[PDB]
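Here the structure is laid out as structure tokens; the discussion comes afterwards.
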Amino acid sequence: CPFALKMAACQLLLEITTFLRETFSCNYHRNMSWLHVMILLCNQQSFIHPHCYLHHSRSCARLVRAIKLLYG
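Numbered per the deposited numbering, the sequence shown spans residues 1337 to 1362, 1452 to 1473, 1481 to 1504.
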């Protein structure tokens, strides 16, 4: 699967986490399984290309534009 789909999943996880930390603060809210994975996703990049952060950002922007066009 492409990087952009992974970032879409990351956005979903972000919404999950913000909901959990904005509702339980008014255990699940004390430990999170996916955080480590996120760390890996942040470190699994080339900062020197096939897996450079520039290419990933371009792909993400392309997917965002495609989604905007589809939902237009």
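Note that beta-carbon positions come from the ideal geometry of N, C-alpha and C, so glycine has one too.
Go to residue i, then tell me how far its alpha helix (DSSP H) extends in each direction, as first and last residue.
i	result
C1346	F1339 to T1359
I1499	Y1485 to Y1503
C1362	Taken as a continuous stretch (DSSP letters only), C1362 belongs to no alpha helix (DSSP H), as it is neither H nor E.
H1461	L1460 to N1468
So residue i and residue j are in contact, right, with Cβ under 8 Å, and what is the actual spacing, rounded?
i	j	result
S1491	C1484	Not really, about 11 Å apart at Cβ, beyond 8 Å.
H1488	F1339	5 Å
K1342	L1465	In fact, because the Cβ distance is near 11 Å, the residues do not count as touching under 8 Å.
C1346	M1463	7 Å
Is the beta carbon of residue i sitting closer than 7 Å to the one on residue j?
i	j	result
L1349	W1459	yes
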